[PDB]
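Novice: Can you keep this structure in mind? I'll have questions shortly.
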Amino acid sequence: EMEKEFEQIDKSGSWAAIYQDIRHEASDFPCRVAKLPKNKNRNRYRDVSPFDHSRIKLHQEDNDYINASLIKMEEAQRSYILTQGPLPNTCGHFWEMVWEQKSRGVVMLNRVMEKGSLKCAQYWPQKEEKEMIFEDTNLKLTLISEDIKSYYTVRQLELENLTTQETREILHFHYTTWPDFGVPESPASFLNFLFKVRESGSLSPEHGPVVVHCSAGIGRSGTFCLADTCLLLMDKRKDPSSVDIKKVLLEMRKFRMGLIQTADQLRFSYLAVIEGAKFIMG
Ligand SMILES: O=C(O)C(=O)N(c1ccccc1C(=O)O)c1cccc2ccc(O)cc12
């Protein structure tokens, strides 16, 4: 029982202590390509880089670098591409990846501006009549429709490979209510957001992996992925009480560094899963 474990950590207020153990045990792999001088401007943060073994490679002979990692959960049979919020110069790389990986959905967990500063480039068109064109990767992006709700917004986008004239419908799932500081009050809205993404089929195997991001693509993105897999795992195994979130997180951390950046975030992940399990259980 993780809820029981939850109350023990809260009781003895040892969240920070536990988050730190996870941090210490976490994997550590080379990020050589990410550190190459040529890719300097392709990274938003100096300390957040994709391990070389799990990075996403753009299908171009020039520079195949993009700060994104493929997190493959074998047991859950769920894959996710966690990446940083694109930069002024990597928006075309970002959509090239979505196209190349055959992604159906894009999950954004932050706002373009937070705490008074740019946390992500405006990488999608805000008006139907103002489509965007990324000349470097020869891609056209069009806002087909948008649905703004209290806690999030779903956008229907059309991505066209100008080279082939081929087009695909991309679902933009944007969580707009994540607090500037700390984590959400209750996991409620977050979980609903997750289920909406699920319902879309964006997380399903008949499509490429979903593309998730916030600013660094490790903190909030990690929460989204950790929560989803754990819930899925409790839905698959014979004993849902066997799903160890700390264990799952460490497994994901073999694919990208720093998933879950704070003890608050970790605590929140527990809430999300515990609260999500009460509903998803039936
Ligand atoms: O974009 C992220 O991965 C995010 O999770 N980060 C956070 C880290 C600690 C506390 C809160 C957050 C948050 O945004 O909810 C971040 C991780 C790594 C580097 C970051 C640089 C700037 C920033 O605003 C958030 C970062």
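Labels used: A, B, ... for chains in the order of the structure tokens, numbers from 1 for residues in each chain, and numbers from 1 for ligands as shown.
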Please produce, as a tab-separated table, a per-residue contact table for chain A versus ligand 1 (criterion: any atom at most 8 Å away, only C-alpha atoms and all ligand atoms considered), showing the nearest atom pair and its distance in Å to one decimal, sorted by chain then residue number.

Specialist:
residue	atom	partner	partner_atom_place_in_ligand_line	distance
A:45	CA	ligand 1	19 (C)	6.4
A:47	CA	ligand 1	19 (C)	7.5
A:48	CA	ligand 1	18 (C)	6.5
A:84	CA	ligand 1	1 (O)	7.1
A:85	CA	ligand 1	1 (O)	7.7
A:110	CA	ligand 1	14 (O)	7.5
A:114	CA	ligand 1	24 (O)	7.4
A:115	CA	ligand 1	24 (O)	7.9
A:119	CA	ligand 1	24 (O)	6.5
A:178	CA	ligand 1	15 (O)	7.6
A:179	CA	ligand 1	15 (O)	7.4
A:180	CA	ligand 1	15 (O)	7.0
A:181	CA	ligand 1	11 (C)	6.5
A:182	CA	ligand 1	11 (C)	6.1
A:183	CA	ligand 1	15 (O)	6.6
A:213	CA	ligand 1	1 (O)	7.3
A:214	CA	ligand 1	1 (O)	4.6
A:215	CA	ligand 1	1 (O)	3.4
A:216	CA	ligand 1	1 (O)	3.5
A:217	CA	ligand 1	3 (O)	4.2
A:218	CA	ligand 1	3 (O)	3.8
A:219	CA	ligand 1	5 (O)	2.9
A:220	CA	ligand 1	5 (O)	4.5
A:221	CA	ligand 1	3 (O)	6.4
A:222	CA	ligand 1	3 (O)	7.6
A:258	CA	ligand 1	17 (C)	7.7
A:259	CA	ligand 1	3 (O)	7.4
A:260	CA	ligand 1	5 (O)	6.6
A:261	CA	ligand 1	8 (C)	4.9
A:262	CA	ligand 1	9 (C)	5.6
A:265	CA	ligand 1	10 (C)	7.6

Novice: Would you mind listing what lies within 12 Å of residue 156 (chain A) as a ChimeraX atom specification, with only C-alpha atoms counted and same-chain residues fewer than 6 positions away left out?

Specialist: /A:104-106,124-128,141-148,168-174,200

Novice: Residues as selected, N, CA and C atoms, written as a PDB file, in the first residue's frame, can you do that?

Specialist:
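Saved file result03.pdb follows:
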ATOM      1  N   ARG A 104       1.348  11.443 -32.192  1.00  0.00           N
ATOM      2  CA  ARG A 104      -0.034  11.847 -32.356  1.00  0.00           C
ATOM      3  C   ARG A 104      -0.316  13.043 -31.449  1.00  0.00           C
ATOM      4  N   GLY A 105       0.274  13.027 -30.256  1.00  0.00           N
ATOM      5  CA  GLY A 105       0.050  14.109 -29.314  1.00  0.00           C
ATOM      6  C   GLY A 105       1.273  14.816 -28.769  1.00  0.00           C
ATOM      7  N   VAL A 106       1.073  16.057 -28.326  1.00  0.00           N
ATOM      8  CA  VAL A 106       2.122  16.877 -27.732  1.00  0.00           C
ATOM      9  C   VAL A 106       1.566  17.374 -26.403  1.00  0.00           C
ATOM     10  N   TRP A 124       3.681  27.132 -31.738  1.00  0.00           N
ATOM     11  CA  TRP A 124       2.492  26.768 -32.504  1.00  0.00           C
ATOM     12  C   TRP A 124       1.697  28.020 -32.830  1.00  0.00           C
ATOM     13  N   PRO A 125       0.999  28.024 -33.973  1.00  0.00           N
ATOM     14  CA  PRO A 125       0.203  29.182 -34.386  1.00  0.00           C
ATOM     15  C   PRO A 125      -1.005  29.431 -33.466  1.00  0.00           C
ATOM     16  N   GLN A 126      -1.199  30.692 -33.089  1.00  0.00           N
ATOM     17  CA  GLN A 126      -2.287  31.091 -32.208  1.00  0.00           C
ATOM     18  C   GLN A 126      -3.576  31.425 -32.961  1.00  0.00           C
ATOM     19  N   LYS A 127      -3.471  31.685 -34.264  1.00  0.00           N
ATOM     20  CA  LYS A 127      -4.657  31.986 -35.059  1.00  0.00           C
ATOM     21  C   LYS A 127      -4.730  31.155 -36.334  1.00  0.00           C
ATOM     22  N   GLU A 128      -5.916  30.625 -36.617  1.00  0.00           N
ATOM     23  CA  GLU A 128      -6.140  29.809 -37.803  1.00  0.00           C
ATOM     24  C   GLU A 128      -5.604  30.380 -39.106  1.00  0.00           C
ATOM     25  N   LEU A 141       2.771  24.437 -40.100  1.00  0.00           N
ATOM     26  CA  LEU A 141       1.919  24.166 -38.947  1.00  0.00           C
ATOM     27  C   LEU A 141       0.690  25.076 -38.940  1.00  0.00           C
ATOM     28  N   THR A 142      -0.494  24.470 -38.845  1.00  0.00           N
ATOM     29  CA  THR A 142      -1.741  25.229 -38.860  1.00  0.00           C
ATOM     30  C   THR A 142      -2.692  24.938 -37.706  1.00  0.00           C
ATOM     31  N   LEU A 143      -3.193  25.997 -37.078  1.00  0.00           N
ATOM     32  CA  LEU A 143      -4.150  25.842 -35.991  1.00  0.00           C
ATOM     33  C   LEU A 143      -5.492  25.557 -36.657  1.00  0.00           C
ATOM     34  N   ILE A 144      -6.013  24.358 -36.435  1.00  0.00           N
ATOM     35  CA  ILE A 144      -7.280  23.935 -37.012  1.00  0.00           C
ATOM     36  C   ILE A 144      -8.430  24.268 -36.061  1.00  0.00           C
ATOM     37  N   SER A 145      -8.211  24.053 -34.768  1.00  0.00           N
ATOM     38  CA  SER A 145      -9.219  24.362 -33.768  1.00  0.00           C
ATOM     39  C   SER A 145      -8.583  24.367 -32.395  1.00  0.00           C
ATOM     40  N   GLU A 146      -9.263  24.999 -31.452  1.00  0.00           N
ATOM     41  CA  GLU A 146      -8.760  25.116 -30.099  1.00  0.00           C
ATOM     42  C   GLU A 146      -9.949  25.066 -29.156  1.00  0.00           C
ATOM     43  N   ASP A 147      -9.752  24.436 -28.009  1.00  0.00           N
ATOM     44  CA  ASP A 147     -10.812  24.293 -27.027  1.00  0.00           C
ATOM     45  C   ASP A 147     -10.251  24.670 -25.663  1.00  0.00           C
ATOM     46  N   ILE A 148     -10.543  25.893 -25.228  1.00  0.00           N
ATOM     47  CA  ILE A 148     -10.058  26.390 -23.943  1.00  0.00           C
ATOM     48  C   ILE A 148     -11.005  26.003 -22.817  1.00  0.00           C
ATOM     49  N   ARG A 168      -0.615  15.611 -41.346  1.00  0.00           N
ATOM     50  CA  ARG A 168      -1.065  14.843 -40.194  1.00  0.00           C
ATOM     51  C   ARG A 168      -1.723  15.742 -39.169  1.00  0.00           C
ATOM     52  N   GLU A 169      -2.677  15.176 -38.438  1.00  0.00           N
ATOM     53  CA  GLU A 169      -3.372  15.899 -37.388  1.00  0.00           C
ATOM     54  C   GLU A 169      -2.652  15.645 -36.073  1.00  0.00           C
ATOM     55  N   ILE A 170      -2.203  16.723 -35.446  1.00  0.00           N
ATOM     56  CA  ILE A 170      -1.489  16.672 -34.183  1.00  0.00           C
ATOM     57  C   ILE A 170      -2.377  17.252 -33.063  1.00  0.00           C
ATOM     58  N   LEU A 171      -2.476  16.564 -31.935  1.00  0.00           N
ATOM     59  CA  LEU A 171      -3.280  17.084 -30.836  1.00  0.00           C
ATOM     60  C   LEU A 171      -2.380  17.760 -29.816  1.00  0.00           C
ATOM     61  N   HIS A 172      -2.602  19.046 -29.588  1.00  0.00           N
ATOM     62  CA  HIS A 172      -1.799  19.768 -28.619  1.00  0.00           C
ATOM     63  C   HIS A 172      -2.545  19.806 -27.291  1.00  0.00           C
ATOM     64  N   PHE A 173      -2.011  19.115 -26.287  1.00  0.00           N
ATOM     65  CA  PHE A 173      -2.621  19.084 -24.959  1.00  0.00           C
ATOM     66  C   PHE A 173      -1.779  19.957 -24.062  1.00  0.00           C
ATOM     67  N   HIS A 174      -2.325  21.132 -23.759  1.00  0.00           N
ATOM     68  CA  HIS A 174      -1.664  22.156 -22.964  1.00  0.00           C
ATOM     69  C   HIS A 174      -2.266  22.385 -21.584  1.00  0.00           C
ATOM     70  N   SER A 200      -7.564  10.538 -26.000  1.00  0.00           N
ATOM     71  CA  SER A 200      -7.251  10.947 -27.369  1.00  0.00           C
ATOM     72  C   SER A 200      -6.579   9.856 -28.187  1.00  0.00           C
TER      73      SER A 200
END

Novice: Considering only C-alpha atoms, can you say which of A:229, A:163, A:39, A:14 comes closest to residue 263 (chain A)?

Specialist: A:14

Novice: If we count only C-alpha atoms, what is near residue 136 (chain A) at a cut-off of 10 Å, once residues fewer than 6 positions away on the same chain are taken out, given as a list in words?

Specialist: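 Near neighbours after the sequence-gap exclusion: residues 89, 90, 91, 92, 93 and 96 of chain A.
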
Novice: I need the residue nearest residue 52 (chain A) from this list: A:153, A:162, A:264, A:257. Use only C-alpha atoms for the distance.

Specialist: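 Under the stated criterion, the closest residue is A:257.
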
Novice: Hey, can you check how far CA of residue 32 (chain A) sits from CA of residue 55 (chain A)?

Specialist: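 Atom-to-atom, CA of residue 32 (chain A) and CA of residue 55 (chain A) are spaced 10.8 Å apart.
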
Novice: Counting only C-alpha atoms, what is within 9 Å of region 56-62 of chain A, bar same-chain residues fewer than 6 positions away, as a list in words?

Specialist: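 What passes the distance filter is residues 50, 68, 69, 70, 81, 93, 96, 97, 100 and 101 of chain A.
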
Novice: Can you list, as a PyMOL selection string, every residue of region 161-258 of chain A that DSSP puts in helix (DSSP H, G or I)?

Specialist: chain A and resi 188-200+220-236+240-242+245-252

Novice: Between CA of residue 248 (chain A) and CA of residue 73 (chain A), what is the spacing in Å?

Specialist: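 Going from CA of residue 73 (chain A) over to CA of residue 248 (chain A) covers 8.9 Å.
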
Novice: So that I can check the surroundings of region 237-239 of chain A, please list as a list in words every protein, DNA and RNA residue that reaches within 10 Å of it, counting only C-alpha atoms and ignoring chain neighbours fewer than 5 positions away.

Specialist: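 Everything that qualifies: residues 75, 76 and 232 of chain A.
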
Novice: At what distance in Å, to one decimal, does CA of residue 28 (chain A) lie from CA of residue 247 (chain A)?

Specialist: 15.9 Å

Novice: What lies within 12 Å of residue 9 (chain A) using only C-alpha atoms, ignoring chain neighbours under 3 positions off, as number ranges by chain?

Specialist: A: 2-6, 12-19, 263, 266-267, 270

Novice: Would you save the residues from that selection as a CSV table (one decimal), in the first residue's frame, using N, CA, C and O atoms?

Specialist:
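Saved as part.csv:
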chain,number,residue,atom,x,y,z
A,2,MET,N,0.8,2.0,-1.1
A,2,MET,CA,1.6,3.3,-1.2
A,2,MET,C,0.9,4.4,-0.4
A,2,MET,O,1.6,5.3,0.0
A,3,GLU,N,-0.4,4.4,-0.3
A,3,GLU,CA,-1.1,5.5,0.5
A,3,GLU,C,-0.7,5.4,1.9
A,3,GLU,O,-0.5,6.4,2.6
A,4,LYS,N,-0.5,4.2,2.4
A,4,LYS,CA,-0.1,4.0,3.8
A,4,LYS,C,1.3,4.5,3.9
A,4,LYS,O,1.7,5.2,4.9
A,5,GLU,N,2.2,4.1,3.0
A,5,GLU,CA,3.6,4.6,2.9
A,5,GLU,C,3.6,6.1,2.9
A,5,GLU,O,4.4,6.8,3.5
A,6,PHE,N,2.7,6.6,2.1
A,6,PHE,CA,2.5,8.1,1.9
A,6,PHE,C,2.4,8.8,3.3
A,6,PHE,O,3.2,9.6,3.6
A,12,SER,N,6.3,11.6,9.5
A,12,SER,CA,7.7,11.9,9.9
A,12,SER,C,8.4,12.9,9.0
A,12,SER,O,9.6,13.1,9.0
A,13,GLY,N,7.6,13.6,8.2
A,13,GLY,CA,8.1,14.6,7.3
A,13,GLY,C,9.5,14.3,6.7
A,13,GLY,O,10.4,15.1,6.9
A,14,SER,N,9.6,13.2,6.0
A,14,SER,CA,10.9,12.8,5.5
A,14,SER,C,10.9,12.8,3.9
A,14,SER,O,11.6,12.0,3.3
A,15,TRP,N,10.1,13.6,3.3
A,15,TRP,CA,10.0,13.7,1.9
A,15,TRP,C,11.3,14.0,1.2
A,15,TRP,O,11.8,13.4,0.3
A,16,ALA,N,11.9,15.1,1.8
A,16,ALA,CA,13.2,15.6,1.3
A,16,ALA,C,14.2,14.4,1.4
A,16,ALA,O,15.0,14.2,0.4
A,17,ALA,N,14.2,13.7,2.5
A,17,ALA,CA,15.2,12.6,2.7
A,17,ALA,C,15.0,11.5,1.7
A,17,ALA,O,15.9,11.0,1.1
A,18,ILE,N,13.7,11.2,1.4
A,18,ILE,CA,13.4,10.1,0.4
A,18,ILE,C,13.7,10.6,-1.0
A,18,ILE,O,14.3,9.8,-1.8
A,19,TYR,N,13.4,11.8,-1.3
A,19,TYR,CA,13.7,12.3,-2.7
A,19,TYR,C,15.2,12.3,-2.9
A,19,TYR,O,15.6,12.0,-4.0
A,263,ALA,N,11.1,17.5,-3.8
A,263,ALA,CA,10.4,16.6,-2.9
A,263,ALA,C,8.9,16.9,-3.0
A,263,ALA,O,8.1,16.0,-2.8
A,266,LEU,N,7.7,15.0,-6.0
A,266,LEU,CA,7.6,13.6,-5.7
A,266,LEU,C,6.3,13.3,-4.9
A,266,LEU,O,5.6,12.4,-5.2
A,267,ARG,N,6.1,14.1,-3.8
A,267,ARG,CA,4.9,14.0,-3.0
A,267,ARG,C,3.7,14.1,-3.9
A,267,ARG,O,2.8,13.3,-3.8
A,270,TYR,N,2.8,11.0,-5.8
A,270,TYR,CA,2.2,10.0,-5.0
A,270,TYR,C,0.7,10.4,-4.9
A,270,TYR,O,-0.2,9.5,-5.1

Novice: Here is a test: counting only C-alpha atoms, which residue of A:11, A:242, A:77, A:36 is nearest to residue 206 (chain A)?

Specialist: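 Once distances to residue 206 (chain A) are computed over only C-alpha atoms, the minimum belongs to A:77.
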
Novice: Of the candidates A:279, A:80, A:123, A:95, which one gets nearest to residue 234 (chain A) if we count only C-alpha atoms?

Specialist: A:279

Novice: Skipping near chain neighbours, those fewer than 3 positions away, what residues fall within 7 Å of residue 112 (chain A) using only C-alpha atoms, listed as a count of residues only?

Specialist: 5

Novice: To test your reading of the structure, identify every residue in region 56-242 of chain A that backbone DSSP assigns to strand (DSSP E or B), and report it as number ranges by chain.

Specialist: A: 68-73, 78-83, 103, 105-108, 113-114, 117-118, 132-134, 139-148, 152-161, 166-175, 208, 210-213
